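**Q**
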Amino acid sequence: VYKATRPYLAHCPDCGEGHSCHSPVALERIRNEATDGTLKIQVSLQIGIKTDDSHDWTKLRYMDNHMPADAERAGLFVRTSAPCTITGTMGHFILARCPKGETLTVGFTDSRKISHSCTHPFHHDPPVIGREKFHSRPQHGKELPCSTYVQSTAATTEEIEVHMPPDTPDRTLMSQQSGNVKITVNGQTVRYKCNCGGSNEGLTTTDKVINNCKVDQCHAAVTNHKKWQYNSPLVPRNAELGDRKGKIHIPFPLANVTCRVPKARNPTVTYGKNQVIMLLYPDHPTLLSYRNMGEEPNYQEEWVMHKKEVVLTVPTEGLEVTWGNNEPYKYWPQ
Amino acid sequence: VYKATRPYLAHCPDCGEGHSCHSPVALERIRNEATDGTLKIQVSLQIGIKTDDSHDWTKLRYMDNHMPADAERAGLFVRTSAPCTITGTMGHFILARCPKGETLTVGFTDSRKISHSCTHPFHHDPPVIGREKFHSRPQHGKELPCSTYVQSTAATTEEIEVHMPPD
Amino acid sequence: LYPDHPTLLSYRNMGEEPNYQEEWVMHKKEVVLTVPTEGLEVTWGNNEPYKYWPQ
Amino acid sequence: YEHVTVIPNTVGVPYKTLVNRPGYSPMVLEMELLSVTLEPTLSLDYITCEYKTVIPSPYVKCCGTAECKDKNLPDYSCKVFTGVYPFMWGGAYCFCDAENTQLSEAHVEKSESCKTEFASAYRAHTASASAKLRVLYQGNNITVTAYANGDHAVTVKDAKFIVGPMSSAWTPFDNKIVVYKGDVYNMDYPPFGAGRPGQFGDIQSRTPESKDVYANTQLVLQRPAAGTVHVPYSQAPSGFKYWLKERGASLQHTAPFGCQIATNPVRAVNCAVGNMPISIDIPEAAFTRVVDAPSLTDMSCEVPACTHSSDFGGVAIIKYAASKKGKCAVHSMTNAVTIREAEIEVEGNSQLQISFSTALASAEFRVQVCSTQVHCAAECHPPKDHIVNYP
Amino acid sequence: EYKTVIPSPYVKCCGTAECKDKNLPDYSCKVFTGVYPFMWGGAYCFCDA
Amino acid sequence: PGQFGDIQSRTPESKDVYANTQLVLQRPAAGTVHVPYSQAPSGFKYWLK
Amino acid sequence: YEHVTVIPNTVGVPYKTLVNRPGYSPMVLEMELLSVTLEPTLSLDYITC
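Residue numbers (PDB author numbering), protein chains in the order written: chain A, 72 to 405; chain B, 72 to 238; chain C, 351 to 405; chain D, 1 to 391; chain E, 50 to 98; chain F, 197 to 245; chain G, 1 to 49.
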């Protein structure tokens, strides 16, 4: 599919030091639907693909001015408040495990050893999987349902919209021929528009002159009607063609998997006439729930934070008490 | 004016690892009156000046024991909780855009490749300009009144007191 | 009032006794204001002031 | 002919006034508050801004005792520390082991920001009232700017205007005011030499050029660290920086009667409070005699559309029989109904269309076109809603 | 969980674009006048205004 | 918006969906090609907690 | 302006309703029932043949 598509330059609000630029690593969209905390990041460049369209995991292709160029995969980095762990890369997509942050930065080092980066405001603080806030993933534990972006390079379910790009504006193409406009193509296909009469519009392959016209009244751009590009809101739509679009499958789709797991415990107490007394000693917030085993259950619940004595009425029908992850306790009067 | 003035060694409470020293990059004063968040930092060394008093933006002069010595401008760094963006340097002054922090560090690398730094406790959390807490500066938007330290190398209004040193 | 962020609500009577009042509206809040004969001026955040008069 | 009327002191509301000179065709004048300025006389007490702590090199007297002298400087602090033995890079600064003293010296001054970022404390007294406004006079809009004291006569197109005196002498300004850029605040500011630490006036400068300043910020000099040359000290944050966040809403937002507040000079514009008498000495040439004006008969009125609201929600079609061609004044003879049109051109046996405003659901009103009255019956429907957003 | 479909904006150089009512959920369309956008190699439009 | 049902799909295969979330398009930055916008958080994510 | 009326639940009968907004010319609206569907929730017990 990469024979038809290409990396591109798009708007980035922060290319370093808070200044905006036409970035070759522009951030398109950050996806965080995976409960395991994995981020699916979309950028303007293409990883694992060379300029000749061949697949090479050690390489990366980015738009260098007018033509795409090759760069090293090792130079690619993802960071929030600190560096991220990159779990997978293919085309416009990056999979990363990031620490807590308020921004997201994706960058690389080009052929000329020049670093390029794009920073977007993104609140990253992934929710806890289960009931324990841990750092490293265990080999053994409680199996809990979670979602992730699969590390499989295969593109079969998820998709993106693609269309023909865009023309690269270049004011150096135009020059003041005494008191007229001289458009020099230099062996390229140039799209030009002048705020003058006559042949003020055209897709030229040869040099053109616009008499009685000023250089400021004209617009010139180098084109390439040959090449699909992601339907980016950071790049303008092709003016000639209407709502013409294609679609391509993307790597790393979101899928339901299993995430390690954990457990819990329980306690005991003291008795009275149609009454149960429990001395709760929680080591962390523990949910206490209870119900009558008759016609009127009267379900009640409370999160127990610390040392609390609970006095519960045990009716003739019986009382069922659930203390955290423990199996429910059942009580009946004598 | 740099023909009459010189870089110097002065007390710094933290030259690295919490130990005090006679620093060639000692922090004098940190100014934060600019509502745009720009910090005007004053140090004991002189940036953009060589030992022969000539102006060179790629160079820096610091007091090396008894005599001043030349160092690279590229080796100069400013950091709070993370590295700062240096916006301007001239003589004893540095302009920097810093992230939120509780300390301020200014350092450099000397001729002998030895790093020198000075850390002072400084609460940096600049207030919001307007009614929106944003990260990067926009090209277009609402024009609001704010103050900054102008990046102009020219010295015409603000001043400092000077006198003969020391043994 | 449906604010997306803290929004300053201010109001005054357009007569001899303006009785200026202000409050920072954090979330969903219904505000009941008295409109006197002289008129009432209401400013909701950065919007231009709204003016109300009885029929 | 002197026409005298009274309009409420409310800006942006066009008012219609009927001028009836005996033996002359009625004249309708539309008046809309131009501007009414209340500029108080200001006397600068002092300016305040962010403060800056001047600490020179400490006087380390080797083998001797330094002496502190009383210096007339704001928050002047001096302390002589005995038993000091300071070190420099190449060893001890003093020849003596004992009997060395360090004189620590400090004072407080205006920051470099004081020329750009500052608040001015003024004594405001006896405001001078000034006026102008918009008058639809002879099919053209004329602007009259006059002091609302009932004395300042302003003549525009031979028509002499006397505005005021204002029914309310209310200001929105108190005896003591504070000005910061384009914002004015009513504040009983501390007098010069009475400023509190961490509060408005912690630093006080009589003028922004003043060399000497008053300062009350808790500057205390501390004993330097063993073998260390430095001036340690303990010191309340900027009162001006504190006031900038604690000032609250300015007079432009809090003032009654819909007052607009401007600076350079400090003034109250278009006060929302009381009423304003208007005197217009209309020249003889502006009037047309009843005989020289068209005579209207066989008048009928129909209201095809009406909505009772703050704006002109009513439409009225008036059929007439005019004796000759000419301009006729249009006016509502009922105070509960107001007409948008002040003057219309008549031809003969033709019809006219007018726009009217009313709050009445059942509006029965009389329309005077030239010197003849016509009854209009209107069934007006509710708008959007009650309360209205126009004056 | 919902997701916001935003295609490439239609930048009509030297002309006025027109919004049409599309039966799509939360459909939003707005035509902005007086634009002069730039790409890497200069201005995208030939016209100044 | 921001509540259970902010987005509604008759069946999980359904192409057309109902949406009531506060999507407002903003004027792009000077000389910049982008689609800025203001938009209530996921009602389903809110219901889950 | 909210116009409220009640028509019998009978299909194929055109009904005329007079909309009288005060201060506005009367408006006559013809209404005819298009469809009213009552779809019960089904739970299959078994099939027979």
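Using N, Cα and C, we set each Cβ at its ideal position, and we do this for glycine too.
Verify the CB distance criterion: does residue 368 of chain C have a CB-CB separation below 8 Å to chain D?
**A** Chain D, which has a Cβ nearer than 8 Å to the Cβ of residue 368 of chain C, makes this yes.
**Q** State yes or no: is the C-beta of residue 375 of chain D within less than 8 Å of the C-beta of residue 308 of chain D?
**A** Going by C-beta atoms, residue 375 of chain D is not nearer than 8 Å to residue 308 of chain D.
**Q** Scan the stretch 76-95 of chain E for residues whose Cβ lies nearer than 8 Å to a Cβ of chain A and list them as they occur along the chain.
**A** Those would be 86, 87, 88, 89, 90, 91, 92, 93, 94, 95, in chain order.
**Q** Identify the continuous beta strand (DSSP E) that holds residue 401 of chain C and give its terminal residues.
**A** Element bounds for residue 401 of chain C: 400-402.
**Q** Give a yes or no on whether the minimum CB-CB distance between residue 387 of chain D and chain C is below 8 Å.
**A** Residue 387 of chain D counts as touching chain C.
**Q** For residue 206 of chain D, which of helix, strand or coil comes out of DSSP?
**A** DSSP places residue 206 of chain D in coil when its eight states are reduced to three.
**Q** Going by other Cβ atoms of all chains shown within 10 Å of its Cβ, with 16 needed for buried, is residue 183 of chain A buried or exposed?
**A** That one is exposed.
**Q** Among A:252, A:291, A:297, which residue has its Cα nearest to the Cα of residue 282 of chain A?
**A** It is A:252 whose Cα lies nearest to the Cα of residue 282 of chain A.
**Q** Check whether the stretch 207-224 of chain D and the stretch 60-79 of chain D touch, using three or more Cβ-Cβ pairs below 8 Å as the test.
**A** Touching, yes, given that three or more Cβ pairs across the two stretches are closer than 8 Å.
**Q** Where residue 346 of chain A and residue 211 of chain A are concerned, what is the direct C-alpha to C-alpha distance, given to the nearest angstrom?
**A** Whole-angstrom Cα-Cα distance: 41 Å.
**Q** Grouping DSSP H, G and I as helix and E and B as strand, with all else coil, what is residue 114 of chain D?
**A** In this structure, residue 114 of chain D counts as helix in the three-state DSSP scheme.
**Q** Any contact between the stretch 343-363 of chain D and the stretch 302-321 of chain D? By contact I mean 3 or more CB pairs, one from each, below 8 Å.
**A** A contact exists between the stretch 343-363 of chain D and the stretch 302-321 of chain D.
**Q** Compute the Euclidean distance between the alpha carbons of residue 388 of chain C and residue 207 of chain B, then round it to the nearest angstrom.
**A** Cα to Cα, residue 388 of chain C sits roughly 46 Å from residue 207 of chain B.
**Q** Residue 82 of chain A touches chain F at which residues, Cβ-Cβ below 7 Å?
**A** Under the 7 Å cutoff, chain F gives 228, 229, 230.
**Q** Of the choices A:179, A:193, A:194, whose alpha-carbon is the least far from that of residue 187 of chain A?
**A** That would be A:179, whose Cα lies nearest to the Cα of residue 187 of chain A.
**Q** Give me whichever residues DSSP pairs with residue 195 of chain A in a beta bridge.
**A** Per DSSP, A:172.
**Q** Measuring straight from C-alpha to C-alpha, what distance separates residue 235 of chain F and residue 219 of chain F?
**A** Computed Cα separation, rounded: 5 Å.
**Q** Does the distance from the CB of residue 234 of chain A to the CB of residue 317 of chain A come in under 8 Å?
**A** In contact: residue 234 of chain A and residue 317 of chain A (Cβ atoms closer than 8 Å).
**Q** Helix, strand or coil for residue 245 of chain D, going by three-state DSSP, please let me know.
**A** The answer is helix: DSSP assigns residue 245 of chain D an H, G or I state.
**Q** Note the first and the last residue of the continuous beta strand (DSSP E) segment covering residue 102 of chain D.
**A** 101-106 is the extent of the beta strand (DSSP E) around residue 102 of chain D.
**Q** Check for me: the beta strand (DSSP E) holding residue 116 of chain A runs from which residue to which?
**A** Its beta strand (DSSP E) spans residues 110-120.
**Q** Spatial neighbours of residue 337 of chain A within its chain, please: C-beta separation below 6 Å, excluding the five flanking residues on both sides.
**A** 394, 397, listed in sequence order.
**Q** Looking at chain C, is there any beta carbon in it that lies within less than 8 Å of the beta carbon of residue 10 of chain D?
**A** Closer than 8 Å: yes.
**Q** Going along the chain, which residues of the stretch 150-175 of chain A sit with their C-beta nearer than 9 Å to a C-beta in chain E?
**A** Those residues of the stretch 150-175 of chain A that come within reach of chain E (Cβ to Cβ, closer than 9 Å) do not exist; the list is empty.
**Q** Please list the partners that residue 59 of chain E has in chain A, where partner means a Cβ-to-Cβ separation under 7 Å.
**A** In chain order: 308.
**Q** Can you give me the start and stop residues for the beta strand (DSSP E) that residue 290 of chain A sits inside?
**A** Its beta strand (DSSP E) spans residues 289-293.
**Q** So, for residue 65 of chain D: in the same chain, excluding its five sequence neighbours on each side, which residues have a beta-carbon less than 8 Å away from its beta-carbon?
**A** Once the five neighbours on either side are set aside, the close Cβ partners of residue 65 of chain D are 80, 82, 99, 101.
**Q** Closest by CA to residue 304 of chain D, which one among G:43, G:32, G:22?
**A** For the residues G:43, G:32, G:22, the minimum Cα distance to residue 304 of chain D belongs to G:22.
**Q** Give me whichever residues DSSP pairs with residue 229 of chain B in a beta bridge.
**A** BP columns for residue 229 of chain B are empty, so no partner.
**Q** Could you tell me whether the Cβ of residue 152 of chain D comes closer than 8 Å to any Cβ of chain G?
**A** Answer no: the Cβ-Cβ gap between residue 152 of chain D and chain G never drops below 8 Å.
**Q** Looking only at its chain, what residues have a beta carbon closer than 6 Å to the beta carbon of residue 37 of chain D, apart from the 5 residues adjacent to it on each side?
**A** Closer than 6 Å at the Cβ level, and outside the excluded window around residue 37 of chain D, lie 130, 267, 269.
**Q** Residues of chain E with CB closer than 9 Å to the CB of residue 241 of chain F, please, in chain order.
**A** Under the 9 Å cutoff, chain E gives 50.
**Q** Is it buried or exposed for residue 113 of chain D, if we count other Cβ within 10 angstroms and need 16 for buried?
**A** By the neighbour-count rule (16 or more Cβ atoms within 10 Å), residue 113 of chain D is buried.
**Q** Would a check of beta-carbon distances place residue 65 of chain E closer than 8 Å to chain F?
**A** It does not; no Cβ of chain F falls within 8 Å.
**Q** Residue 43 of chain G to residue 209 of chain F, Cα distance in whole Å?
**A** If you take the alpha carbons of residue 43 of chain G and residue 209 of chain F, they lie about 21 Å apart.
**Q** May I ask you to list, following chain order, the residues of the stretch 185-217 of chain B that have a beta carbon less than 7 Å from some beta carbon of chain A?
**A** Cβ contacts with chain A come from 206, 207, 208, 210.
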